[PDB]
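# Commentary on secondary and tertiary structure
Okay, here's what each chain looks like letter by letter:
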Amino acid sequence: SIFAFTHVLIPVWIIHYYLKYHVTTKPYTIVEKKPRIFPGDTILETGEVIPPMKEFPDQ
Amino acid sequence: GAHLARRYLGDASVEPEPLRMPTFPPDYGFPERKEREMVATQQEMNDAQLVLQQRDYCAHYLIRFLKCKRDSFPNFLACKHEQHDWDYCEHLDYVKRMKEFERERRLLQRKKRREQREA
Amino acid sequence: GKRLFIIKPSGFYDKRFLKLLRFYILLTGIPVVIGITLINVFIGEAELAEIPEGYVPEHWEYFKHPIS
Amino acid sequence: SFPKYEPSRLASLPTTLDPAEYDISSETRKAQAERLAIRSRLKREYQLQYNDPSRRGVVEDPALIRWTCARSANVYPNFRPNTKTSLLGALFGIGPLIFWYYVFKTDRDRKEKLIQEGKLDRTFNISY
Amino acid sequence: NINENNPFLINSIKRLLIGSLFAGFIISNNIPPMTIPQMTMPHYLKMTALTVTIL
Amino acid sequence: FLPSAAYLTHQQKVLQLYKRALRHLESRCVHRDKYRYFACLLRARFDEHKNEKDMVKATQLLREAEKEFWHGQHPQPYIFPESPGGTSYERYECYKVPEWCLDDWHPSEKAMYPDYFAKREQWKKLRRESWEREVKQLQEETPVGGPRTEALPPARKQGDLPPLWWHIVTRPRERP
Amino acid sequence: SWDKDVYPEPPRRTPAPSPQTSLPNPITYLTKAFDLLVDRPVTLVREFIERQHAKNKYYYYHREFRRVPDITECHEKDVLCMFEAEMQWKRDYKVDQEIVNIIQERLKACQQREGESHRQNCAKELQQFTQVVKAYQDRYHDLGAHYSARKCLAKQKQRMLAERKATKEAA
Amino acid sequence: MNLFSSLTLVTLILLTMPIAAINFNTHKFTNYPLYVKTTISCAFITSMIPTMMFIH
Amino acid sequence: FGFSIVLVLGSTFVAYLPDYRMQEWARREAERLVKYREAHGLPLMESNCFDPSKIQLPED
Amino acid sequence: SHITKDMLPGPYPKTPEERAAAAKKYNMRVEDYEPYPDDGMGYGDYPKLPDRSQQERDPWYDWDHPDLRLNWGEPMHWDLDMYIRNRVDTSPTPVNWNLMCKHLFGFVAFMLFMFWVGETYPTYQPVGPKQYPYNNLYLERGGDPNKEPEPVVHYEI
Amino acid sequence: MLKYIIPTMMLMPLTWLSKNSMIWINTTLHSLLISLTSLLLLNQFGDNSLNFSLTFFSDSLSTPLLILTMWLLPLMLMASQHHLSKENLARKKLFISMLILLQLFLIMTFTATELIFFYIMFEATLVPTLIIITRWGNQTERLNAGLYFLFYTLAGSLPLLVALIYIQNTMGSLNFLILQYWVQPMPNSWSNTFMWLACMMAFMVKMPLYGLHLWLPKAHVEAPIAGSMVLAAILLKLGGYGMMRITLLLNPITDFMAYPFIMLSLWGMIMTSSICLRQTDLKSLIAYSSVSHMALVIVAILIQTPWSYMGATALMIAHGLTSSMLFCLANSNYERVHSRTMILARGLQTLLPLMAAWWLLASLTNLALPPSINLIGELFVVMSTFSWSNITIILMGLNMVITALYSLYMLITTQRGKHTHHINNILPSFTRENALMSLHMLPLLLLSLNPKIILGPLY
Amino acid sequence: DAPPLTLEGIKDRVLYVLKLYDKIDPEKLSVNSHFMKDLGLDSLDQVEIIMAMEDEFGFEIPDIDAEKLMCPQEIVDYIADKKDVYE
């Protein structure tokens, strides 16, 4: 178990140790492209409901 | 298609050229035929990151398709009803574009050849 | 019984040079990396104060890393 | 039947349709026999000096040394400046240089006039 | 000396015929839609793929 | 272009034409049974006129056959995958290390492989042991002052090995 | 930390999905597994190291400079004024390059955030980019490589003379 | 989400251990094909996850 | 004395050294200045880097 | 060692003995030695060969240098650097060289000519433009937040 | 800076009063210590250079070349045995002391202050190289090679003294700040044309440009390995360094009169890449490679972009290391077979199997490996010259193709395809040669990791 | 790609495809026969034999060794030389 143990636990530990503190003290760094919000939803973090999509007919 | 053989071999007068289509002015055989509801909620179309040339007609069906695909992701083969419905809507849009083409084609042929073959 | 004898140019000189190279980098490869590890795990890098009221420093005390 | 395979300065001429080999005379037989004699003597001397286990160095081709000292040092003698050599040299030394010289003049004059009017793409052309 | 009873080769060929049978559909179907699926053809314009293969 | 003569000869030249035409007919014809048919038709077509005692008519027809072969050959003939031209062409040259080396080692590895190196030492002792006399005696005696060939006669007279045998016998194995 | 005044971030937007599945949920189990396999022990070792850094603390400052007189206020040649003037100008050139780097980094961050519709709430930063870089293009660009400060002032006089002739033909 | 960046950078860094390991080895590996095959397979199984996260 | 005291010591000496031609200092200087000119109204990087009161021109 | 007589001073005159000496030293026949001639391009009095020489020379002779095509005494034509296999293949062609360049130039000009015919004669499928909704999809084109709204609408057709 | 100068003086009587088999270890060890001592130099910051006295100053154009000098000395010193190690002890002492005097005037030259001092230490760099290449050139035309060397470099670099004296006694002293801070843009009379052509043509002769590039190849094929490495790396990048120092004045008229030198350098780069494709005598290939890269440097100097200057000095350091290494591998091949030719020793992937790796790495770093320093150089030069003119990228790319081709042919001629199986005297690879390869190619890849050192004054 | 080959097996295979060739009598098939001398078949049939060897065994034998085999013993010796038929 020691083989895959070291090969998939040691580099992930060191890279995630590299990807908190150095990666946030370099300020403009890893940036996400925003999750596509859809009108029948609410924001998970702050919390307010997006009014859903409008009139459906002529289908 | 066969229309292309006719457009190249026959008279180039009666043929509307694509991507330089609008020649005859509007409200001609139209009048009072415009509602253009377009209920796609253009600000929500902006907020939800949709592709250019997907900012078009039948947008809200694409909105619902993306909504169900986000809601049931490990359901790999779930959203096919809304898929087919959105396909049907933009097939109807292709029908509309075809009919607009042939309406201007009939207008140009019939009007120009009526005028230049009786006047 | 079954196997022939392969011909080889030489192996001894090449294996000797590679072991000498890795060993004589290893002789101060390990102590240097353990030194830089103990430096940034014991003594600290620095923090980020400002210049106080009329206390002029030396030419040092302007740098993050302590060995710098 | 066949349009006779005209050769070229790239296309080799294979041994079949020479047609000079099928014009056999005593000249060709005698010359090929003496050519075998020359290759025989050369490979004989080579195989003589080739097999000594007492030897350590290389077999030292004089033809390799000869070709190198021809192509390196003995190019300059002999020489006479001939109209063939001088005209070919003045074409291969001055011609392309004066040509791309003129095109750098033309392109720079166009660019200098275009920026003298100031209608260039230096809206943001910072990394000059 | 034709031998193919090799575990590595049968494993690798097996796995790539699985990749040539299912994985095209799997990779293709759950793509995020970024382009316009055309799908609106006449007769003898969509049929021409199978027509070319059979001819 | 050979050790044993200067020109080849007429008969072997016609024979080379036969072998190349047979090879190109292999290349032209798949399925092998109609190939056997065409090969026998070729065998009869060359056995039309064997009995022509005229020489100049024979070489005229030979040059006509060369024209017909050259217009009718194949562009990519089936060459063998060990010949030059083919696929192999010293394919396994990666381990064709020449045998004058393998002695410039450290004697640790010679202590590892003792008996092969003892037998190689007695090979070299045979080489120097039977080096000078019979070899260079037959080289400066049995040819003429112009030797005028490439092959050598064997040392058949009394004793040791036929001369100049080291780089001919002791060569690599072509498939290590 | 880093100053978020000079490094602006737009406020967060995060939707709330809720399946409507019965596979269910491989990645939820997998993100909890990643959290409990990496996020705890690395943070425990980091807490050990943060206590070790909290043993004793250095400090470094930001380097501060004064203001020189001018290059426009020195004498004819008199090097021991112009040396100071031109070194102050060279430091202005360095900090100006870093300003342009900052604006360009902001623009790339806007591009990666705002998705495929580029032209919504990035056009303002594009406009301030074209502002500052048209300024820098007309200010420091065409001077070659053997500058000290004198070629920059020659460019400055030449450009404002061009504006003077421009308003001369205008009015 | 630092999970995504961590998994992608370890799919990078798994293809640095074999070459650096046998540069640092100076020994004969007899299961070195096995070792290259298993590090590529583990790289596949670490790169299979974040794509699923991506379309998810 | 050619690798083990040369190569790794040079690796330490050029792996970190001070702000060679003022890197980190220039970063923090530009950050302070953009903070100033965004919290003080006027636009960042005014063109015409010399004060036009402090200039004279040869007249027409 | 080496004597200056083993280099190549001057050309072919005088006509019996210098040809004789070149054939003695270069290991060749008297009449087979054929210089360039003395053209003024330097060149010494080095020999001349039939120039192709490297996809010639059937390797079943088994001479010494198996890929350099030496024989330790052949005069080695002046352009031997260009000749070796992996540099230039001077094989005898299957058809010609003029016929090949005729058909290749004609085929390439033929394909580009049909391309130009295509460039002036397009195909398409007979349908008007994609009717973009809001002022040809305004605010998501080049800019204009309030500068120039350029009005256009669509009609239900 | 005298802390660098005076130990190199005191390193000379070491070799005098050190005995047999004891000069060697002392010279090598102590020159490596001095290499540490100048690795300590790198202090350069902010506003200007470092003034190491009224007498010396160190730019960032000067620091990497000085580090290159004091690092290339001991590599050269271990490189230069086995061709005189069997010879006499007094001649050996004379050789090593000559190289130390050579290094001393090189440091004098690179850290010069007044351009008169720069010129005196320029030809002080010249004079030991002559005696070295003529006394151990080891071929029959080392005579003619050294004679062309001295006459070209003096006769080209003669009126540069007159122009420096003129600029001295018409516009004051010659320190780089007062050479700077005061120099007016000089107008276009024909006198200014001659003064510009005097300075620039002297350094054209030095680099070489293509018009006098036959200076080089005799003096590289007919020089020993120490003189070869010295000549190529330190002398040619010293010429480029001197050009970068002097070109601050006479900048307005150089747009008028610089047009033929750009053309001669570009078409000469093309023709030189063509001529180093077909030659025998492997040693000469590196020489014409050097002529090609220095033509690229000359284009880079006579265009005046900060991009061009950074790329110019990066190309300087990169080709200095690459050509010096590849000369050392050519010396390895010539110690293997006493040939100097090219087509003779083929094979050699089997025999010396790790020699393959160093030839491959040398041809990669000549090949412009994409994080190497050589591609940094050629890339910024091509960027700046496409900013100069939009059509000059074609000759640069044809140069790139032919550069890759001759580097690959140089690789696979000697060390690929079939051993000639009649050599039977090559030995397995010494520890010395692989040590020298490792001393070349580790700092190059380290500077490829973090190149914020080696870019120019306009970093 | 490694069949263990030997002198006896390839000797029997050469003799086998010589015997399979029909118009020579298998009663008078000695290893020390000659393809022109004692069996009287022509040289053209000997080249047919040559192509039979090269199609069974898959390697060229050249024109310089087309004249001068003429007997199965030297064919077996030449193939044992060319393939180096030993353990």
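Residues numbered from 1 in each chain as written, not as in the entry; some residues may be left out. Chains lettered and ligands numbered in written order. Part of a larger assembly, values for the part shown. Heavy atoms only, no water.

Method of determination for the deposited model, per the PDB record: cryo-EM, at 4.2 Å resolution.

From N to C terminus, chain E includes 3 helices and 0 strands. Counting helices and strands in the order they occur from the N terminus, chain E gives α-α-α. Considered along the principal axes of its C-alpha atoms, chain E spans approximately 55 × 35 × 10 Å. Counting the 55 residues in chain E, one finds 5% classified as buried. (Helix = DSSP H or I, 4+ residues; strand = E, 2+ residues; numbered from the N terminus. Buried < 20%, exposed > 50% of the residue type's maximum accessible area, 1.4 Å probe, protein only.)

This paragraph deals with the overall build of chain B. Scanning chain B for helices and strands turns up 4 helices and 0 strands. Ordered by position from the N terminus, the helices and strands of chain B form the series α-α-α-α. The C-alpha atoms of chain B give a radius of gyration of 20 Å, which is well past the 14 Å a tight globule of 119 residues would have. Its C-alpha atoms give chain B principal-axis dimensions of roughly 70 × 35 × 20 Å. Out of the 119 residues in chain B, the part that is buried amounts to 38%. (Rg over C-alpha atoms; globule rule 2.2 N^0.38 Å.)

Facing 39 residues of chain J, the contacting portion of chain D comprises 36 residues. On the chain J side of the interface with chain D, the three residues burying the most area are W72, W78 and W97 of chain J, jointly 21% of the side's total. Inspection of the region where chain J meets chain D yields 4 salt bridges. Here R35 of chain D makes a salt bridge to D32 of chain J, at a shortest N to O gap of 3.4 Å. Between chain J and chain D we count 11 residue pairs in polar contact in total. Broken down by class, the residue content of the side of chain J that touches chain D amounts to 16 nonpolar, 13 polar and 10 charged. (Contact = heavy atoms within 4.5 Å. Buried area = accessible area lost by both parts, 1.4 Å probe. Salt bridge = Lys/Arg side-chain N within 4 Å of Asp/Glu carboxyl O. Polar contact = N/O pair within 3.5 Å; in protein donor to acceptor, adjacent residues only side chain to side chain. Nonpolar A, V, L, I, M, F, W, Y, C, P; charged D, E, K, R; others polar.)

The subject of this paragraph is the packing of aromatic side chains. Under the definition given, this model contains 51 aromatic pairs over all chains. Aromatic pair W307 of chain K and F380 of chain K: ring centres 5.6 Å apart, planes at 45°, arrangement tilted. Of this pair, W307 of chain K sits in helix α16 (residues 306–336) while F380 of chain K is found in helix α18 (residues 373–388), placing the two residues 73 residues apart along the sequence. One residue, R46 of chain G, lies across the ring of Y21 of chain A, its end atom 5.0 Å from the ring centre. Cation over ring: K77 of chain G sits above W182 of chain K, and NZ or CZ is 5.6 Å from the ring centre. (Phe/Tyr/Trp six-rings, centres within 6.5 Å; stacked < 30°, edge-to-face > 60°. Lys NZ or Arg CZ within 6 Å of the ring centre and 35° of its normal.)

A separate point is the packing of helix α1 (residues 10–28) of chain F against helix α2 (residues 43–57) of chain L. At a minimum axis distance of 11 Å, the contact between α1 of chain F and α2 of chain L shows a crossing angle of 45°. By the angle between their directions, the pair α1 of chain F and α2 of chain L is classed as oblique. Crossing hand, α1 of chain F versus α2 of chain L: right-handed. Contacts from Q11, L15, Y18, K19, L22, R23 and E26 of chain F of α1 of chain F reach α2 of chain L at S43, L44, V47, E48, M51, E54 and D55 of chain L. Of the residues in the contact of α1 of chain F with α2 of chain L, the class split is 6 nonpolar, 2 polar and 6 charged. (Axes fitted to C-alpha atoms, helices over the stretch in contact; angles between N-to-C directions. Parallel < 35°, antiparallel > 145°, perpendicular 65-115°, else oblique. Left-handed = near helix turned anticlockwise from the far one by under 90°.)

Now for the state of the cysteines. One pass over the structure, following the stated rule, counts 4 disulfides over all chains. In this model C58 of chain B forms its disulfide with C89 of chain B; the gap between the sulfur atoms is 2.0 Å. Disulfide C58 of chain B-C89 of chain B: torsion about the S-S bond near -75°, hence left-handed. You can see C58 of chain B sitting in the loop between α2 (42–47) and α3 (59–71) and its partner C89 of chain B sitting in helix α4 (residues 81–118), a full 31 residues away along the chain. Each of the two residues, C58 of chain B as well as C89 of chain B, counts as buried. Here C110 of chain G pairs with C122 of chain G through a disulfide, and the sulfurs are 2.0 Å apart. Between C110 of chain G and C122 of chain G, the S-S torsion sits near -120°, and that sign places the bridge as left-handed. You can see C110 of chain G sitting in helix α2 (residues 79–113) and its partner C122 of chain G sitting in the loop between α2 and α3 (123–140), a full 12 residues away along the chain. Of the two residues examined, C110 of chain G and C122 of chain G, each falls in the buried class. In chain B, numbering the disulfide-bonded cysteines from first to last in sequence yields the connectivity 1-4, 2-3. (Disulfide = S-S within 2.5 Å.)

Moving on, we come to the interface of chain G and chain C. Reports often express the size of an interface as the amount of accessible area lost when the parts come together. Each partner contributes residues to the interface: chain G has 12 residues there, and chain C has 19 residues. Where chain G packs against chain C, one counts 0 salt bridges. The interface formed by chain G and chain C includes 3 residue pairs in polar contact. Considered class by class, the residues forming the side of chain G that touches chain C number 5 nonpolar, 4 polar and 3 charged.

A few words on the side chain of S38 of chain K. All names here are of chain K. Structurally, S38 can be placed in helix α3 (residues 23–39). For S38, a relative accessible area of 1% gives the class buried. Apart from the residues lying within four places of it in its own chain, the contact partners of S38 are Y4, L66, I67 and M70.

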